[PDB]
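Protein chains in written order, with PDB author numbering: chain E, 2 to 538; chain H, 234 to 311; chain B, 2 to 527; chain N, 1 to 7, 11 to 13, 17 to 115.
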Amino acid sequence: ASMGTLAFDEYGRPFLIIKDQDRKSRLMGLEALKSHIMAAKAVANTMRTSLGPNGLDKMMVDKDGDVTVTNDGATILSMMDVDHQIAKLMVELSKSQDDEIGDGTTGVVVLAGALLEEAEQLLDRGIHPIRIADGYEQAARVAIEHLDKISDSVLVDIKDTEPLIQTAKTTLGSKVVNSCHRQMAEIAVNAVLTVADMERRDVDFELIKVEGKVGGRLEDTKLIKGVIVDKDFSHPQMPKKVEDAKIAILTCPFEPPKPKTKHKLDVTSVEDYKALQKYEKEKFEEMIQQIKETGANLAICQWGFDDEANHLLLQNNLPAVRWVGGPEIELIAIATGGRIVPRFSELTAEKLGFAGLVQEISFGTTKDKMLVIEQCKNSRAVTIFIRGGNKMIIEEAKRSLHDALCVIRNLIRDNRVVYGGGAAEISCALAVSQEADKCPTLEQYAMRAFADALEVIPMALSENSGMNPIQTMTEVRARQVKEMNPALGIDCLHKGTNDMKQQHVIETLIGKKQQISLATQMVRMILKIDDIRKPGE
Amino acid sequence: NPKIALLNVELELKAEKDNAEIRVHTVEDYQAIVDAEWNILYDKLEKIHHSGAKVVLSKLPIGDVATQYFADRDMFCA
Amino acid sequence: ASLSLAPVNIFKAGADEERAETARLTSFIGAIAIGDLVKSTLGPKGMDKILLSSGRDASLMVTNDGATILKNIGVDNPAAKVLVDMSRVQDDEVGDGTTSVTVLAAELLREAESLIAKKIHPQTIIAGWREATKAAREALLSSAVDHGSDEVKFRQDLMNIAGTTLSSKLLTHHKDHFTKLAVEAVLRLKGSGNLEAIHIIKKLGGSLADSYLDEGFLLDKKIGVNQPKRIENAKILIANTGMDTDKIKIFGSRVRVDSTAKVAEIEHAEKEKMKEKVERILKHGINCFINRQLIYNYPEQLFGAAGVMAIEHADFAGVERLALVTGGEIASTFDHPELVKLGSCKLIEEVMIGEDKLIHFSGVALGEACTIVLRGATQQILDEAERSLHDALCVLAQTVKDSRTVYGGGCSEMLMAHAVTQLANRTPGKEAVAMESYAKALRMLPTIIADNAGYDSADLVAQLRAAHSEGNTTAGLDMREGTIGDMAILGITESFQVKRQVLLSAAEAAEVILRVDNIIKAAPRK
Amino acid sequence: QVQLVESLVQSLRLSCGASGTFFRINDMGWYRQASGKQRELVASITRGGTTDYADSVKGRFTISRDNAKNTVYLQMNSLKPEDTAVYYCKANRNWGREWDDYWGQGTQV
Ligand SMILES: Nc1ncnc2c1ncn2[C@@H]1O[C@H](COP(=O)(O)OP(=O)(O)O)[C@@H](O)[C@H]1O
Ligand SMILES: Nc1ncnc2c1ncn2[C@@H]1O[C@H](COP(=O)(O)OP(=O)(O)O)[C@@H](O)[C@H]1O
Ligand SMILES: [Mg+2]
Ligand SMILES: [Mg+2]
């Protein structure tokens, strides 16, 4: 574009102000604003086709050629190798929506792009970009209040989980896993409700292990109330099933003790050598005897062990797992109700965990084995074991189920619920239009633009569903204003009715509010930029 | 209403000192030394536990053993 | 406007973003390329490919396995990579169907491109395909038959399934031979699914019919120097001890003395420790000692002086298979002999195969593991025979697990297509036009099977479709003469597991590739 | 949230008007509570105008709903001493949850 400085002097002497000013570029003012708006519109029009049940996916290829098929706006924009700084800002915006909510990552981008596209026409008419940003802030406040007004509430109890299942089904309608729609919603709900702190209103996702294994069918995905590990029993002649398992969780390798300090044990005689030999033997025997006397029928170590320990476990009928990772050790403890023991001397019958079933699982013609721990009493940990025909659908299933879990988390944090299908956006657009009518200052135009931008989500849903955008949206808006019903939206699935409260299409109020707030704040930060400086090449 | 222990202390099984070298010529002394390392750590942890502090913060690492100790005593460590 | 065709390009130098039609074009072309590649290997009259790597090793493989073919090609189309991974996952789940799932996915995607050209949304298409998948699932499951109860009929079904799995492969030359081999080898597992128990030894030379299934077991390990070579009524100790400069696990332990005499005393004490270990071993009352780890000169000498055959350096798989074949317990501690179970076999000798000697265990106790000696004229023949045998053994194991069987020769695909057709002509809208395409692909499967033989695929598939519309649910392709016949009589039966997996994985991959309307590539790492 | 305002010659007309925070008044009803008795519904009208009356008094009702201001007017004739009680108004709001019924202070006739 334009250069930093183009004089070189009114006297002919060199004029060097900035380093590599000749290789550097600069864009200033309205042309800079329009470049920003063009970039943002490009990103938003890329994303808008991945919106809604009839939304399509994108195939992302990384540097090393790995393929990722997804409908998740945050994953798409993260996999996208963007160079434009405004596109980077939009990627950050979507990532922020994903961090805070875990859903809406495409709505935020579409809405921000629409806001900037309307600011484009407002700037053409000559309004100051800061005035545009302030009108957008005003309209965003109005829309947030209207969302709080039209919101509904759902019960987050563990007895009737139908509202939560409906919410999760709405969230998962747009993902490839809608083939197992209700199974996935059920397992997301049961997962969060099993592991969720109702009193604190907190949900720790480290306690939800989402594991995937190629093979089987997507319908085989299930919720394990317990843990799955990628290990097998240490000895090949151990039993592959253990019922009523009393579990000893240990972070001590079944090996002779060893000081952490630099140590040298000196052997100075045949008697010293034989004493050392007998010490080693008796250490192994004493370890196994302590584990047996604790009453355990199963051992789980974190640091692996050797041939003598393995065979002694086998002889003493103590199936054992080794080389289990720290996180899985923690999850097994939490699930079985056991305490992690750092050495055998500290092991007691009360520190043991209990699992009604510990089994080794095969996966066809593979030679790889997995260990399932389940039938615990009150497991505060849980595992989601995902199956499918390829790693692409497995990864998409993982991220979609993450979206569902995050949505249930947002419900546990705030039970208020708005109805989707663009209905909430149409209602907020109506409210913003009314407030713009009551506004007599120059921000009227910015607020009308905000309404026209809010209306892009119903239009996008209709377009992706093949309906005519303008016709469908105007008819449902007219119906909303005539018969007061903010649950009137786009019949994306062609169920006949436009009532999203009847179709059980459900969004989170904090989710929608976060969408609107993030889009408005980022659009403000973009409109406030009027000069770009970048290094050459 | 927690009482909070603010420390600059590494709480984990480690070489008691970097220029320290243990020398024993007996398996009884070997086992004594192992248990002595463990008792050093456990004594630090027991003092921290008996101070009444339910929250523990260290400028230095807090190992997995100390983490699990505090978890069993229903304390918090970072 | 668009991400790529905008006044500003939003991408780093080297990236790209194919939009709707361009993306669907590259996806369909990649998938259909993969499918056209992997077909012509489909069916009894399918032909093999030469892989001919281009690395500095220039590996050379002659394969008929679709999974192997797809694994060994340099693919750069993302949809093609999807199909490749799908075939790999099929090969992991079951051992057969890796070419049929790929061909099915490719044909479905061809029909989907046709429908897109017919101006049908690639969500109406996926909807209709899901309905068709349901119909096909139900038709297949209703057509399945189970014979696991009847032992004789189950054995016959196993022989027929092995024959059908081998028909397509290089072993069809000696199909009646390798079928019996594979069935006996899978029955020797006694219900277990451990396919590692079935060891396959490829010995260059001899004819492909010289291959056999050893009545006992064979091991490619050596015997010690001063130790016997023949042992009748062998009592065997399978171990995982060190027996090789075996040091006390105390690692800070060091010998620090003031006298070479004391150093010599300590060395003698080490030797005495090894001797006492060997004596504890011999107190089990054994004639053979197998160790997963090495056996050094001194324990070798001790076992020789004791008259024990000491086989060393067997591996984890070696000792597992030996425990399965003899009944012993893999041990590492010998302080409780009363608790260590020993293995038994009537005889252990050394036999010759090609130019190499192998330990031969005859008269074994359990036999829950097997050894198959594969002989052949070329290393390529041997590798393809191993791959084909692996296919057959995997399928027979999966059938012993789930005894449900399903007739082959296109009977199953035609039945599913018949059900999909009923659903289609009873359903309104363009979902019917997509179900009809689903059925067209299902029919195109046996169409390709017949094409690869050289028959009038169109005429024969028309006859098959007419038969399955009339109600002859057991009509299939008779590939001997090139007509239609009764699969129940001809013995052309497949595993319901494998056919269901083919169907479902193909439909799933086609769905996941069809949902794509944009391909955003990132700058190659180069 | 919903603020309700309400306004004997043996026809009486009693009004009830709603204001405050809402977006829809799902149902509007008139209730009566005689001393030492249990509240019953005089009448109630829906948004679609469909009104269902009660059994002890029916056929003489002229309950009318002004949607332009979300208010209601019940014209009752054939007055009687047993109609002498406190007349309560009910307002079903927004979605129609059990926490959406808003009562008035009641008008004694
Ligand atoms: N079954 C449905 N019918 C109508 N609209 C739906 C349905 N499911 C989801 N939507 C709408 O689609 C919009 C886009 O959501 P989606 O793209 O699936 O998630 P995200 O926006 O987080 O990627 C949401 O605003 C939601 O209201
Ligand atoms: N003897 C036979 N007669 C008729 N059809 C056969 C025969 N053997 C195999 N087939 C058919 O060929 C297909 C198997 O071909 P194959 O090369 O094994 O493909 P894949 O690797 O996908 O299993 C099956 O669909 C089966 O119906
Ligand atoms: Mg979503
Ligand atoms: Mg085959």
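We put the beta carbon where it would ideally sit given N, CA and C, even for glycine.
Per DSSP, what kind of secondary structure is residue i in: helix, strand or coil?
{"i": "residue 128(E)", "result": "coil"}
{"i": "residue 114(N)", "result": "strand"}
{"i": "residue 511(E)", "result": "helix"}
{"i": "residue 13(N)", "result": "coil"}
{"i": "residue 169(B)", "result": "coil"}
{"i": "residue 245(B)", "result": "coil"}
{"i": "residue 203(N)", "result": "Beyond the ends of chain N as shown, which are 1 and 115, falls residue 203(N); an answer cannot be given."}
{"i": "residue 532(E)", "result": "strand"}
{"i": "residue 31(N)", "result": "strand"}
{"i": "residue 166(N)", "result": "A question about residue 166(N) goes unanswered here, because the residues of chain N that appear run from 1 up to 115."}
{"i": "residue 342(E)", "result": "strand"}
{"i": "residue 244(E)", "result": "strand"}
{"i": "residue 26(E)", "result": "strand"}
{"i": "residue 63(B)", "result": "strand"}
{"i": "residue 84(B)", "result": "helix"}
{"i": "residue 102(E)", "result": "coil"}
Could you check how far apart the C-beta atoms of residue i and residue j are, in whole angstroms? I think they sit under 8 Å.
{"i": "residue 70(E)", "j": "residue 397(E)", "result": "6 Å"}
{"i": "residue 426(B)", "j": "residue 418(B)", "result": "The Cβ separation is near 12 Å, so there is no contact."}
{"i": "residue 74(E)", "j": "residue 95(E)", "result": "5 Å"}
{"i": "residue 204(E)", "j": "residue 211(E)", "result": "That belief does not hold up - the Cβ atoms of residue 204(E) and residue 211(E) are roughly 14 Å apart, past 8 Å."}
{"i": "residue 5(E)", "j": "residue 27(E)", "result": "5 Å"}
{"i": "residue 369(B)", "j": "residue 361(B)", "result": "Contact flag wrong, Cβ pair sits at about 18 Å."}
{"i": "residue 137(E)", "j": "residue 355(E)", "result": "Residue 137(E) to residue 355(E), Cβ: 58 Å. No contact."}
Find the residues of chain E that neighbour residue i, judging by a C-beta separation of less than 9 Å, and give them in chain order.
{"i": "residue 94(B)", "result": "215, 216, 217, 364, 365, 366, 367, 390"}
Assuming residue i is part of the beta strand (DSSP E), what are its boundary residues?
{"i": "residue 74(B)", "result": "Counting along the chain, residue 74(B) falls outside any beta strand (DSSP E), and DSSP gives it neither H nor E."}
{"i": "residue 213(E)", "result": "209-215"}
{"i": "residue 19(N)", "result": "18-26"}
{"i": "residue 148(B)", "result": "Taken as a continuous stretch (DSSP letters only), residue 148(B) belongs to no beta strand (DSSP E), as it is neither H nor E."}
{"i": "residue 264(E)", "result": "263-268"}
Note down, in chain order, every chain B residue with its Cβ under 9 Å from the Cβ of residue i.
{"i": "residue 528(E)", "result": "Simply none; closest approach about 17 Å."}
{"i": "residue 265(E)", "result": "253, 254, 255, 257"}
Output, in chain order, the set of chain N residues within a Cβ distance shorter than 7 Å of residue i.
{"i": "residue 485(E)", "result": "29, 30"}
In chain B, what lies closer than 7 Å to residue i by C-beta?
{"i": "residue 65(E)", "result": "526"}
Let's see if you can read the secondary structure: which residues bound the alpha helix (DSSP H) around residue i?
{"i": "residue 397(E)", "result": "392-414"}
{"i": "residue 42(E)", "result": "31-48"}
List the residues of chain E that residue i touches, going by C-beta distances under 8 Å, in chain order.
{"i": "residue 246(H)", "result": "261"}
Identify the contact partners of residue i in chain H, using a Cβ-Cβ distance below 7 Å as the criterion.
{"i": "residue 400(E)", "result": "Near residue 400(E) there are no residues of chain H at all, since even the closest Cβ is about 30 Å away, more than 7 Å."}
{"i": "residue 269(E)", "result": "258"}
Name the chain H residues whose beta carbon is nearer than 9 Å to that of residue i?
{"i": "residue 327(E)", "result": "297"}
Can you pull the chain E neighbours of residue i, defined as C-beta to C-beta under 7 Å?
{"i": "residue 266(H)", "result": "260, 264"}
{"i": "residue 87(B)", "result": "390, 391"}
- Say whether the segment 68-83 of chain N touches the segment 18-28 of chain N, bearing in mind that this needs 3 or more beta-carbon pairs closer than 8 Å, one atom from each stretch. yes
- Message: With three or more beta-carbon pairs closer than 8 Å as the criterion, would you say the segment 399-419 of chain B touches the segment 373-392 of chain E?
- Response: no
- Task: Would you check if there are 3 or more beta carbon pairs closer than 8 Å linking the segment 486-494 of chain E to the segment 416-430 of chain E?
- Result: Flag = yes, the segment 486-494 of chain E and the segment 416-430 of chain E touch.
- Task: Specify whether the segment 39-48 of chain E and the segment 500-510 of chain B touch according to this definition: at least 3 beta carbon pairs, one from each stretch, less than 8 Å apart.
- Result: Because the criterion of three Cβ pairs below 8 Å is not met, the segment 39-48 of chain E and the segment 500-510 of chain B do not touch.
- Does the segment 181-201 of chain B touch the segment 398-409 of chain B, meaning 3 or more C-beta pairs lie closer than 8 Å? yes
- Message: Could you check whether the segment 513-527 of chain B touches the segment 4-20 of chain B, counting it as contact only if at least three pairs of C-beta atoms, one from each stretch, sit closer than 8 Å?
- Response: yes
- Answer yes if the segment 346-354 of chain B comes into contact with the segment 233-249 of chain B, meaning at least three C-beta pairs across the two stretches below 8 Å, and no otherwise. yes
- Query: Is it a yes or a no for the segment 243-259 of chain E touching the segment 241-248 of chain B, going by three-plus beta-carbon pairs under 8 Å?
  - Reply: no
- Task: Take every Cβ of the segment 374-389 of chain B, pair it with every Cβ of the segment 202-213 of chain B, and state whether three or more of those distances are shorter than 8 Å.
- Result: yes
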